[PDB]
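# Working through the structure, step by step
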Amino acid sequence: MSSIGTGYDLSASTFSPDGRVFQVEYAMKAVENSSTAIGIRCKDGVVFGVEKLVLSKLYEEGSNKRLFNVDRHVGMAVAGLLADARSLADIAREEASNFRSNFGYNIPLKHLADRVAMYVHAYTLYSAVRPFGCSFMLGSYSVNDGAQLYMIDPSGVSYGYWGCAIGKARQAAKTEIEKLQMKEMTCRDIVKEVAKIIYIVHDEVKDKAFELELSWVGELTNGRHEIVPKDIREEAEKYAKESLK
Amino acid sequence: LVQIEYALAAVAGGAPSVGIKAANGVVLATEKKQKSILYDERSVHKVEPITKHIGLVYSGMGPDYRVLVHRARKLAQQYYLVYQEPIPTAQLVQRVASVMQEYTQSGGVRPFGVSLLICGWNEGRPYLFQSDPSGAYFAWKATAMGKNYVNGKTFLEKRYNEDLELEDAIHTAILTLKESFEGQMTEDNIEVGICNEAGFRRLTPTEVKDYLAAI
Amino acid sequence: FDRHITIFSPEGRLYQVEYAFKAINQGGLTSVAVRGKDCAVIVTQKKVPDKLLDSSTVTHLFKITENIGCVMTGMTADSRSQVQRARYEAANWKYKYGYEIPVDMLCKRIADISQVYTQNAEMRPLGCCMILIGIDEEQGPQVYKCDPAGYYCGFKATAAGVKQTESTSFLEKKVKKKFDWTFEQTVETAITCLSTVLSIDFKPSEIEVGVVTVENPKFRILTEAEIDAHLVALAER
Amino acid sequence: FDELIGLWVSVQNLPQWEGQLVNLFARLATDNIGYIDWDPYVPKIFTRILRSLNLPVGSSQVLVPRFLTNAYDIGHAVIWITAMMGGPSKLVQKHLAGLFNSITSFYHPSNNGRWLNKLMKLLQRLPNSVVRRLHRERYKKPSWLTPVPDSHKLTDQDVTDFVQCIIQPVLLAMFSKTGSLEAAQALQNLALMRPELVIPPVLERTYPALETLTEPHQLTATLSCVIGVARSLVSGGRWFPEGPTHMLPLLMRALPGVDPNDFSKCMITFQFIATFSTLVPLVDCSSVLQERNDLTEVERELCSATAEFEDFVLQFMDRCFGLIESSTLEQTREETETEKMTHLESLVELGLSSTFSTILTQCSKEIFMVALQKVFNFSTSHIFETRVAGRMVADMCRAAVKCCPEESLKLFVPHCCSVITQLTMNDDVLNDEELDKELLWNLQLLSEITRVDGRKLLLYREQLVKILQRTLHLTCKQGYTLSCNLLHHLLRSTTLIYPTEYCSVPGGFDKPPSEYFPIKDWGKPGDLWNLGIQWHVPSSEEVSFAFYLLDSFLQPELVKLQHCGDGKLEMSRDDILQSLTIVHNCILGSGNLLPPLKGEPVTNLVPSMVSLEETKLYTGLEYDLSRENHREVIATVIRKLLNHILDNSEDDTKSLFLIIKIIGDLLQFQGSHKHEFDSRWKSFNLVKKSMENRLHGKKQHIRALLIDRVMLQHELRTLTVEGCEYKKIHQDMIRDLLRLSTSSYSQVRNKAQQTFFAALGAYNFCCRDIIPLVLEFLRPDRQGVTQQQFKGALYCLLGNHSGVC
Amino acid sequence: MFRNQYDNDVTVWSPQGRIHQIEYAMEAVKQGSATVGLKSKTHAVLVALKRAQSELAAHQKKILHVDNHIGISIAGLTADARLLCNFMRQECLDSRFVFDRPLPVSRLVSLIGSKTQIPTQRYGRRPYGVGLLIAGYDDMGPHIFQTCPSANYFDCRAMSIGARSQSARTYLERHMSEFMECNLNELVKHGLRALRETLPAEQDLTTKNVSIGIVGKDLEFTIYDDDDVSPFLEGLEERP
Amino acid sequence: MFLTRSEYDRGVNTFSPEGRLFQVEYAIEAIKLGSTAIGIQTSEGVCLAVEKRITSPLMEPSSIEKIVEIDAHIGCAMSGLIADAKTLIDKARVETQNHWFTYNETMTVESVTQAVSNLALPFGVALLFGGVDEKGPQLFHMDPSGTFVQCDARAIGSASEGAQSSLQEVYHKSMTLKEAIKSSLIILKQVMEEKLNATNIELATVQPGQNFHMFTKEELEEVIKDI
Ligand SMILES: O=P(O)(O)O[C@H]1[C@H](OP(=O)(O)O)[C@@H](OP(=O)(O)O)[C@H](OP(=O)(O)OP(=O)(O)O)[C@H](OP(=O)(O)OP(=O)(O)O)[C@@H]1OP(=O)(O)O
C-alpha cells in the first residue's frame, strides 16, 4: 500500500491521528506470519493442535514446542514469535504458581487469562518496551467450571472461545471449526477433527514439512493437561491424511 | 522553556476566572458553563477549598488543576502538623509554585496547563495571588484569567478601588465574567468563593442567585 | 515530538490526548447511561463478530463493587486494565476508610490516574472511556464518566463511543422534555437512544443492560429474558 | 578582457574582488558566445569552481586558514559554465562530466554535510540555465540582441551529453535528507530537453518507493520528483512515447497516500493527484473499438486504461471520506471548546478541496454524476461538526457545485432548505442559544454551497431568501454567523466577476459526440488566443437580486442601528454585535455594486499646480448612481453608533471590533480583498514555477493557471486605486478611527491601528493631514489624556513594520 | 539511499511484522568461524574451527567449559559469549550447590533463552550477538543445543553455526542417519569432515585451528587443543 | 580519501544487516593513535619496548610511564595516553593483589589479562601484558575491544602493522632475550626513524629469575651501543 514516515508507528507509547497504536498492530501482523495453532473446546475438554514447522531436518523432532504446560490443569498453544511466547509461558506459569501459593488452589482459567493479558497489555503503552509478537490460547478443564478456552492476542484482549485459531491460516481454520458441532462432541472426536483441520490448512508448496503437535485437557486426563498418547496422535494423523484425500 | 509558553497558551484558552481583593475579603468568581444539559452541574467544582482559610480557582486544564489542589492541601496540612497554626497564604503559594515549577525543570514531563488564583485570609488581612505554570507567583489587587483575560484585566483596572467591600467585590466579579460570558449567566453556571474573617467558603447557588438578581 | 508525546502544541493542545478519543471510536461500539429518579442504567451493544466465540465472555459491563457497576467503551485491553485499577481503588477505599467508595470519588480517582498518562511523556493515554453507575447513600443515583483526558463529571445521562454525539443529541432533547424516571422508562430511554442512533431494532442477544436501583443497590447485569421483557414492552408502542 | 582575465588567473588568493570579477566574466560569457574561446581558461574556471565547493578531501586535513566565505557563488559559476559549452570543441562538456564525476560521492544521501547546501544549488541551477540557453538559441525570436552563431549553438549530442553527465547526481540527490526539492527542479528541467533519459529512472525508483512500507523517505522523494517531470510524462515527446501509459497506474497506486496519519505525504499525494489530473482530460474514452485505424499501439493501450477513471475518482473519494471521518475535533476540554482550526489541518482542506476540484472539472458528465451522488450521500447522511470536519465536507461539496452548477445545486439546495426549514419551525429556536447540531451542519453546508456561478442560482431565489428570513435573526453565534456568510457568499456570487469553468480544454469538455478523441489531448499547453474563458459578468437579473437581498437584509438592521444611535432602541450588546455582523457580511459581499465614499474635498493640504487626479479603472460593472449609495448610509449609521458605543457602552469589546472592520471595508473594499489577492498571487508563482515549460517561450501553461492569471489581472485591476482625493467623508473615517486607535482596550486599539495604517497609504497627503491629531495626546500640556490614550497615540505614531510610520 | 525507518532499535516492529535488530543480530553469528556439533547415543562432540590474528598470535578460543557435563562452542561476538559463559557457569554451580546434581542441559538452555529474550524487547539494549552450540550429557542422554541471537533455542541431532556453515549442514543432514551408532572416534571424524567442508580449497584442518570438545557418559567435558587433536585428525582421509 | 559513510555506521548500540557494530568498529580503529610498543616473548623472559616522545628537556622522562609494573612478575606496556589506561592498570594491580590475598600465589599473566578484559566489558586502550608465571614467560596482547590473546611477539600503537610484519620475520622460538631486545630496538628505530637514545624509548624485561625490571639510562645505552 503506502508507508508512513511521520513516526507514529515507532513506539507503542504513541497514538496515530486516526487513533491507532500501530506497534500493537504490527505485532499482531507478526502473528499472522506464523503457522496455525487451533484450539477447540468440547463437551468434556479443550483440544490444541499446532502445525509446528520443521525448518531443518537436523532438529530433534520435538524441538521448538509451541504447546506449553503452564499449570498442571492449563495448557498454552502459541502462535507468532517463539521467544516472546516462551517469555509469556514463564509469566503464565509464574502467575499460576503465585496464585496457588497465595490462595491455596489452582488458578482458574478466566483469571489466569486475565492476569496474563494484563502483562501483555502493560507491554503495549510504554516507549521502553515493545509489544509481544505472539498470540496464544489458554485451555483448561476442571470439574466445577467446565472446559475453558481463552485466547490472548498481542493487544492484551482475552475472549472466550468455543473454537479458536491463531496464525497465518487462521481464517479457513475458523471456517472448518465452524463446520463442527463442538458443543456436543467428546474429546476423542475433537482430536480427529483438530488433526484434519490442521492438515487442511497447511500449504505444502510454501512451507513443506511440519510436525502436528496435539495436547488435550479434560475428563479423560482427570483435568490434567497433557501432550496425549502417540497411539491416539497417530490415529489422528492417519485420519487427517486419509480425510484430506 | 517553550513548553511554559505553550502551557500559558492552554491557560488563556480556559474559562474565565476573576478574583478581586476587597478591603474585608477576597472573591474568586469563575466561568462554569456546561457543554450540554446532560451534565450535572452540582457534581464537579472549580472553586475549591484548600484550608478553612485558603481557597483557589483556575483557568486552563482541570485535571492538571486537581493535582495541585491535592498537593496544596497536603502542603497546607503538613504545615499544620509542624506549627499547629493555619498556613499563611503567601507561604502556601510559595510551596505550590515550587511544586508547579518542578514539572518544568524535569524532562519527560510537561508543565501544568493551569494557572491558579489563590485567595486567603490570615492575620486579619486578605490575599490575592496568581501562580503561573512557570512556577512564578504574583500578588494581585484584582486580575482575570482564561479566555480574554486581557479585556478582563482592563475592565477590572477601571472598576477597582481599595475602599471596596466584599459584597461590592462580588458584584464587580460577576460583571467581569459577564463582560465575556456569551449568553446569560445564572446561579448554576458560575461559581464564586469568598474569603473573609470567617474563613474561605464557596457560595451556595441560592446565594449566587441573589447577587445575580442584584445586577 | 510535539504531536507524538503528551506535550503542548503551540496553541496549547495535547494531541495524543485528542487521539485517545479517536481510539475510543475504534471499538465500533456505543454505550449509553441514563439516570432516573431512583435508578441508573447502563446499556451497551454486544456485537459478537465471531460466531464460534463464547459470547458470555464478551461483555463491557463490569462489576466494580457490589453497589457500583461500569460500562467500558474503547480499546478493550485498556478497558480491562482500567477496570482492574478501579476495582483496586474501590477495595482500598473500603479497607483504608471503612466505608464503600462513592461513585464520584472512584471516578475522580480514575481520572486522577488518567491525568498522569496525559502528563508524563513515557506512556500513552489509555484510550478508553469508563462510565460508572451506583447509588449514593445521600444523593441517590449517580452516573459518572471519566475520559482519557482525566476529566470526570456527573451526568443526568451520557453516552460514549462511535455514535456519542447523536446519542447526546437524542438524550439532550429527551431530558429537557421529560424528567425521565421510573424503573421502566429509564431502560426505555437507554434502549431507544442506542436503537435510534444505531437504527437496528434490537433483539436481546445484541445489547446488554446494567442497572442499579435505590430499592436494591446491587449492580445487576440484565438477563436476556429481561432484555426481552423490555424490548417487547418497547417494540409495541 | 585579456588584461582582466590574466589578472584573474595570476592571483591565487580568494580576494574579495575576484568574486566580483567572476560575476563579470559570467556576464561576458553569456552575452558573447560565438566569440571568446575560453579554451585556455576552462581548465582553470572548472578547477576554481571545484575549490569553491570546498569539499573535505584526504585524511582529515583541515583548513581553518583557508578562505571559506565567498568569491564563488554557484548562481554565476553555473551561468559561466553554461555559456562556455558548445562550439567545435566541447572541452567544456568533458570538464563538466569530470566535475560531476569528482563530486559523485558527495551527492550520495549518506554523505550529507555543509557542502551539500551549495552542491544542491549547482544541481538545481545548472539544467535550468541550459534550458534557458536552449530557449535562447532555439525558441526565442530574432531581435536587436546579438544572436548566437550556428557554430556555437547546442546540438543534439551536446545536450544529450549534458543530460548523461548530470543525471546520476540528480537521481542520487532525489533521496537526499535535506528534502528532495532541488533535485525535483533538476528533474523538471532535464525532462524538457531529454525526457527519454530522465523519466524512466525516476519511475524505476518511484513504483518500488510507492510500494514499500519500510522506506517512507522515498515516497516523498519520488512523488515530489514526479511533480516536476509530469508535463513531460503526460506528453510523450516523439522519442519517449511510453511516457503517459505510466500515468493512471501511478495515479491509482498513490491513493493510500491520502492518509490521516502523515501530513507530509498526504500533502504530496494531493499535490500529485492535482498535477496528474489537470494534465489529463479524464473522460471515459474507452468505447472506441470502432476505430480500426488512425490510432497508435500506445494510444490504444492508453485508451483501454481510461475505463479505470471511475475507479480513480471513487477510490480517491473514499480515501478523502475517511480522512474527513478521522479529521474531526474530539473535544477534550470540559471548560471551553476549541472553535478554531490549526494551520496543519487548514492546509489538508486546502489540498483536499484543491485536488478534488481539480479532479472534478477534469471529469466528464458521466463521471461527474457518480461523484455528485457520492458527495451528496456523504454530506447528507453522515452529520458533521462545524469546525474542522464539516469545514472539509462543505468545501468538497462546493467543488461539485462549482463544476456543473445546474445539476449539483438541484440536489443540495432543495435538501438543505427543507432540512433547515424542518429544524427552524419551532419559533423558540430564535431565542435558543445553542442550536442542536443538525441545523448547524446543514446551515453550514448551504452557506458554502452557494459561492458558485450566480446565474445558475437565480432559479433557487425564492426559497433561499426564505431560509434567510428566519435564520439571520437567530440568537446563536454559530448560526447567524453561518447564515450571514450564507448571505455573504450569496451576494458575492451575484455581484462579482469571476470565471466559472477552469477546465483544461476550452469552452467545452461535456460534449455528447465521443466519436472524436479526447485522449490525444493530454497537455495542450497555453493557447492564450483561442482560450475561451467562461466569465460570470453580473446580469441585470442578478444585480436586481443582489439589491433586493440588500434591501431585505441590510436596510432593516441599518434602520435598527440608526435608531440605536438615537435615544430609541435600547439594544443588547449581543444584538448590536449581531446587526453589525449582518452589516459586515452584507458590505463584504456586495462591495462591487455600491460606489465608494464621495464628498467635498478636504481643503488646506498641498498646493498642487499640475493636477492630483485619481485613476478611474472600469472593471466591468457600471455603478447605478440612481440608487442610493449604500456605503454612505452605512457610514452615516456606524459613525453615530461609534459615538454611541464609545460614550455609553465602552466595554463592548466585540461589536466595536466590527465597527473597526466596517470602517476598514467601507473605506477600502471594492469587491476584492487585498490579502486574498496577495495570497493568490503568491500561490500563482509557486504553481507557475513548478509547471514552467521554460524551454518553450509562448507562456505555455495549463489552461487552469492561465485563466487564473487573467483573474489575477482583473483583481490587480480592481484592487489598485491610486492617490484619490482625501474627501472629508474619509477624514471623518480616520478621525473616528483614531478615537478607536486610542481607546480603553488594547485589543481594540491593536486591531484599530491596522485599519488606521492602511487608511493612510490610501489617500494622498493624508498622513500629513493627521500629524497634529495623533500628536494632541502626547503634548506636555494637554491635561490628562489617559495612560491608554497616550500609549495608543504612540503606537499610532510608531506605525508597523511595512507601512507608514 | 533506501534508508529504513524501522531498524533503529530492538523495540520497533516493522510494518511487515518483523524486528530488524533481531534479524541483524542473527547474522552476527555468520561473522563467526564455523562450529559443528553432533551427538551419538553416548557422546556429544563440539568441533570448532578457530582463527588467529597473526602467525604469532595464538588462535582465539571457541569451546568453553561450563560444567563437568556441559560445554559450549561459540560463533559471533566473543564478548557476549563471555557474558553467556559467566551466566551458564553460575547456573551450573547454583544447581550443583542446591540440588547436588548436574543441570539438565535443556533447562540451562531454556534459562539462556529467557535471559536473551530480555534485550530483544527492552529499549537501549542490543540482542546478544553470539550463537552458542551447546553439548551436554545428563540423564536423558547427550544433547546438542543451538541458541541464536533471536533468543530461540533448538534441540538438534547435529548443527553447524558460523560463517559458511551451510556446507557442514549439507554434510550433517546427509550423514545424520548414522551418528547415533558411532563410537567416539567416528563421531569426531564426522564432526571433522563436517568442519573440513567449511573450508576453501587450499585450506586444511591443522592442529592449530581445530578445537574439539567432547562430553559423554563416562567422560566429563574435555577440550582437546593443539597436541590433543592429533589423534583425531591423523585418522581422516585426504580432502575429496 | 574522500568520504564513505553509510546509514549503518555510528549507531551506538545497533547491529548492521551483516551483524556488525560499526560504532564500536571505528572506536577500535581509533586507538591506533598511540605510540608504538613492542613486546617479544622469549624463553629467557619477555621484553617490552615502547617509544616515549618527550616534549621538553624541562620534563622528567621518569614521569611519563609507558611501561608499568603490574606485579613483580608482570609488566604492561600501553599505547595511548596514560590517563586512559590507568583504570585498567590499577584494576590489574588490585586483581593481582586480591588473588594474592585469597590464594597466597602469584596470578598468571593470562588471568590478569582476563581480569582486565572483564573490566574492559569500549574503553579504548591497547595493552601488552608481559610476564613470567609457572607456564614460563608469557606475553599477552589485549586490544581495546576486550579481546586478549597470547602472542610471542606483538606491536601495538601507531605503526602496529608495519612493525608487526617485521616481528613476523625476526622472531623465532629459539630467540634469546638479548636478541629480542636488539630486534625490538631495531624495529622501534625503524618505525620511529629517529636516533635511538635513553630519552625517547622505555624498555623493561620480565625474566624467570629476576623480577619486573625497567632499564635505567646507563643500562639502556649499553643496548643501543651496538644497534
Ligand atoms: O506580471 P508578473 O507576474 O510580475 O510576471 C511577469 C514578469 O514581470 P513584469 O511584467 O516585468 O513585471 C516578466 O518577466 P521579466 O520581465 O522579469 O523577465 C514577464 O516576462 P516577459 O514576458 O517579458 O519575457 P518572456 O516572454 O518569458 O520571454 C513574464 O514572465 P514570463 O511568464 O516568463 O513571460 P510571458 O508572460 O509568459 O510571456 C511575467 O508574466 P506573468 O504575469 O504571466 O508571470
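In the PDB archive, cryo-EM is given as the structure determination method for this entry, at a resolution of 2.72 Å.

For chain B, the helix and strand inventory stands at 6 helices and 11 strands. For a compact globule of 215 residues, the expected C-alpha radius of gyration is about 17 Å, and chain B comes in at 16 Å, within 12% of that figure. Expressed along its principal axes, the backbone C-alpha trace of chain B runs to roughly 45 × 35 × 35 Å. Taking contacts inside chain B between residues at least 6 apart in sequence as the whole, the part at least 24 apart equals 66%.

This next bit is on a negative patch on the surface. Residues and elements named next belong to chain F. Residues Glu218, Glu219, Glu221, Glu222 and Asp226 make up a contiguous surface patch of negative charge. Mapped onto the fold, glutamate 219 is located in helix α6 (residues 217-223). Under the relative-accessibility criterion, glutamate 219 is labelled partly exposed at 34%.

We now examine the arrangement of the chains. No other pair of the 9 pairs of chains in contact has as many contacts as chains A and E. Structurally, chain B and chain E remain out of contact, their C-alpha atoms never closer than 16 Å. The two units chain A and chain F remain apart, with a minimum C-alpha distance of 15 Å.

What follows concerns unusual backbone geometry. Of note, the phi angle at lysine 699 of chain D is positive, near 60°, even though the residue is not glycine. When you line up the elements, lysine 699 of chain D lands in the loop between α31 (674-690) and α32 (703-719). Residues other than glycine seldom take positive phi values, yet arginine 53 of chain F does so here, at roughly 45°. Within the element layout of this structure, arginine 53 of chain F appears in the loop between β2 (45-51) and β3 (67-71).

Turning our eyes to something else, we now look at the pairing of strand β5 (residues 136-141) of chain A. Where a strand is regular, its side chains alternate between the two sheet faces. All names here are of chain A. Counting buried positions along β5 yields 6 of 6 residues, so the element is predominantly enclosed. Burial along β5 is two-sided: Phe136, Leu138 and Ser140 and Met137, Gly139 and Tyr141, pointing in opposite directions, are all buried. Direction of pairing for strand β4 (residues 74-78) relative to β5: antiparallel, over a ladder of 5 bridges. Within the sheet, the bridge partner assigned to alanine 77 lies in β5 and is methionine 137.

On to the sheet that holds strand β2 (residues 39-45) of chain C, then. All names here are of chain C. The 5 strands are arranged β8-β1-β2-β9-β10 in an open sheet whose pairing can be described as antiparallel. Strands at the two margins of the open sheet, each flanked by one partner only, are β8 (157-161) and β10 (220-221). Relative to β10, strand β9 (residues 207-213) is paired through 2 bridges, and the arrangement is antiparallel. Of the residues in β10, the one forming a bridge with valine 211 is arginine 220. Along the sheet, helix α5 (residues 183-198) contacts β1 (30-35), β2 and β9; its crossing angle with β2, the most-contacted strand, is approximately 25°.

Glancing now at the pairing of strand β1 (residues 37-41) of chain A. Residues and elements named next belong to chain A. Counting buried positions along β1 yields 5 of 5 residues, so the element is predominantly enclosed. Here β1 shows a buried face lined by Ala37, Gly39 and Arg41 and a second buried face lined by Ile38 and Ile40. Where β1 meets strand β2 (residues 45-53), 5 bridges bridge the pair, whose relative direction is antiparallel. Bridge pairing in β2 links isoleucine 38 to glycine 49. Where β1 folds back on β2, the antiparallel hairpin that results is connected by 3 residues. With 4 bridges joining them, β1 and strand β8 (residues 163-166) adopt antiparallel strand pairing. In the strand pairing of β8, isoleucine 38 is matched with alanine 165.

Our focus in this paragraph is the interface of chain B and chain D. The partner chain D presents 17 residues to the 22 residues of chain B that form the contact. Classifying every residue of the side of chain B that touches chain D by side-chain character gives 6 nonpolar, 8 polar and 8 charged.

Moving on: the site of the ligand. All names here are of chain D. All residues in the neighbourhood of the ligand are listed as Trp681, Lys688, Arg694, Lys699 and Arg709. One nitrogen or oxygen atom from the side chain of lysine 688 is found 2.7 Å from an oxygen atom belonging to the ligand. One of the side-chain N or O atoms of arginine 694 is found 2.9 Å from an oxygen atom in the ligand. About the coverage of the ligand: the protein hides 38% of its 720 Å² of free accessible area.

Let's shift gears to a nonpolar patch on the surface. Together, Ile771, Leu775, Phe790, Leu794 and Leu797 of chain D give the surface a local cluster of nonpolar side chains, amounting to about 380 Å² of exposed area. You can see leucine 775 of chain D is positioned in the loop between α35 (771-774) and α36 (787-798).

Attention now goes to the interface of chain E and chain A. Taken together, the contact pairs 35 residues of chain E with 32 residues of chain A. With both sides pooled, the region where chain E packs onto chain A buries about 2,700 Å², and carbon together with sulfur makes up 53% of that total. Along the contact surface separating chain E from chain A lie 2 salt bridges. The salt bridge partner of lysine 39 of chain E is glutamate 60 of chain A, with a shortest N-O separation of 3.3 Å. Across the chain E-chain A interface, the total number found is 21 residue pairs in polar contact. Of all the elements in the fold, those that place two or more residues in the side of chain E that touches chain A are α3 (105-117), β7 (153-156), β8 (158-161) and α4 (166-175) of chain E. If you tally residues by element for the side of chain E that touches chain A, the top one is β7 of chain E, at 4 residues.

As for its position among the elements, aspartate 18 of chain A is in the segment before α1 (22-31). Within the local environment of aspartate 18 of chain A, its side chain forms a polar contact with the side chain of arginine 20 of chain A, the two groups lying 2.8 Å apart. In this structure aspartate 18 of chain A touches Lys22 and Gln26 of chain C together with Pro260, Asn261 and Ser326 of chain D, once residues within four positions along its chain are discounted.

Let's shift gears to helix α5 (residues 184-196) of chain E. All names here are of chain E. With 13 residues, α5 extends 18 Å between its outermost C-alpha atoms, agreeing within 8% with the 18 Å of an ideal straight helix rising 1.5 Å per residue. Within α5 the residues assigned to the buried category are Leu187, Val188, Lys189, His190, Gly191, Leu192, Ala194, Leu195 and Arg196. Of the surrounding secondary structure, the elements contacted by the buried residues of α5 are β1 (35-39), β2 (43-49), α4, β9 (210-216) and α6 (230-233). Between the side-chain oxygen at the start of α5 and the backbone nitrogen of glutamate 186 there is a gap of 3.2 Å, and the oxygen is on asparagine 183.

Residues and elements named next belong to chain A. Structurally, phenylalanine 136 is set in strand β5. Overall, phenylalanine 136 belongs to the buried group, its relative accessible area being 1%. Along the chain, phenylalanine 136 and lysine 238 lie 102 residues apart, while their C-alpha atoms are 27 Å from each other. With near-sequence residues (within four places) excluded, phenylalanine 136 lies in contact with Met76, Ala77, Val78, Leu88, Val116, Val120, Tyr150, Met151, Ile152 and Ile166.

Residue and element names in this part refer to chain C. At a minimum axis separation of 10 Å, α5 and helix α6 (residues 224-234) run at an interaxial angle of 80°. Taken together, the axes of α5 and α6 are roughly perpendicular relative to one another. Only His230, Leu231 and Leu234 of α6 make contact with α5, whose side of the interface consists of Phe183, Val187, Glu188, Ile191 and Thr192. Split into classes, the residues belonging to the contact of α5 with α6 amount to 5 nonpolar, 2 polar and 1 charged.

So, about the packing of aromatic side chains. Here the structure, examined in full by the defined rule, presents 42 aromatic pairs over all chains. On the basis of an interplanar angle of 20° and a centroid distance of 4.0 Å, the ring pair of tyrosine 58 of chain B and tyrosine 65 of chain B is categorised as stacked. Neither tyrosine 58 of chain B nor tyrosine 65 of chain B differs from the other in exposure class; each is buried. With a centroid separation of 5.4 Å and 75° between ring planes, the pair formed by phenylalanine 1 of chain D and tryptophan 38 of chain D is classed as edge-to-face. You can see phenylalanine 1 of chain D sitting in the segment before α1 (2-10) and its partner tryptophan 38 of chain D sitting in the loop between α2 (18-31) and α3 (42-52), a full 37 residues away along the chain. The exposure class of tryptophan 38 of chain D is buried, given its relative accessible area of 3%. Lying across the ring of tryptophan 8 of chain D, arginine 48 of chain D places its NZ or CZ 4.6 Å from the centre.

Below, the discussion takes up the state of the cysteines. Residues and elements named next belong to chain D. Applying the stated rule across the entire model yields 0 disulfides over all chains. Residue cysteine 805 stays outside any disulfide, its sulfur separated by 10.0 Å from that of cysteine 767, the closest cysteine. Its relative accessible area of 68% is what places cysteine 805 among the exposed residues.

Quick notes on the rules
Residues numbered from 1 in each chain as written, not as in the entry; some residues may be left out. Chains lettered and ligands numbered in written order. Part of a larger assembly, values for the part shown. Heavy atoms only, no water. Residues with missing side-chain atoms left out of burial classes, pairs and counts. Helix = DSSP H or I, 4+ residues; strand = E, 2+ residues; numbered from the N terminus. Rg over C-alpha atoms; globule rule 2.2 N^0.38 Å. Contact = heavy atoms within 4.5 Å. Patch = residues over 30% accessible without salt bridge, like charges linked within 9 Å, V, L, I, M, F, W, Y side chains within 5 Å. Areas by Shrake-Rupley, 256 points an atom, 1.4 Å probe, with all protein chains shown as cover. Salt bridge = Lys/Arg side-chain N within 4 Å of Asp/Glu carboxyl O. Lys, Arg positive; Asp, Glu negative; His and termini not counted. Charge placed at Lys NZ, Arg CZ, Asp CG, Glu CD. Buried < 20%, exposed > 50% of the residue type's maximum accessible area, 1.4 Å probe, protein only. Pairing = 2+ DSSP bridges. Axes fitted to C-alpha atoms, helices over the stretch in contact; angles between N-to-C directions. Nonpolar A, V, L, I, M, F, W, Y, C, P; charged D, E, K, R; others polar. Near = heavy atom within 4 Å. Polar contact = N/O pair within 3.5 Å; in protein donor to acceptor, adjacent residues only side chain to side chain. Buried area = accessible area lost by both parts, 1.4 Å probe. Expected span 1.5 Å × (residues − 1). Parallel < 35°, antiparallel > 145°, perpendicular 65-115°, else oblique. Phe/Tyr/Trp six-rings, centres within 6.5 Å; stacked < 30°, edge-to-face > 60°. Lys NZ or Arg CZ within 6 Å of the ring centre and 35° of its normal. Disulfide = S-S within 2.5 Å.

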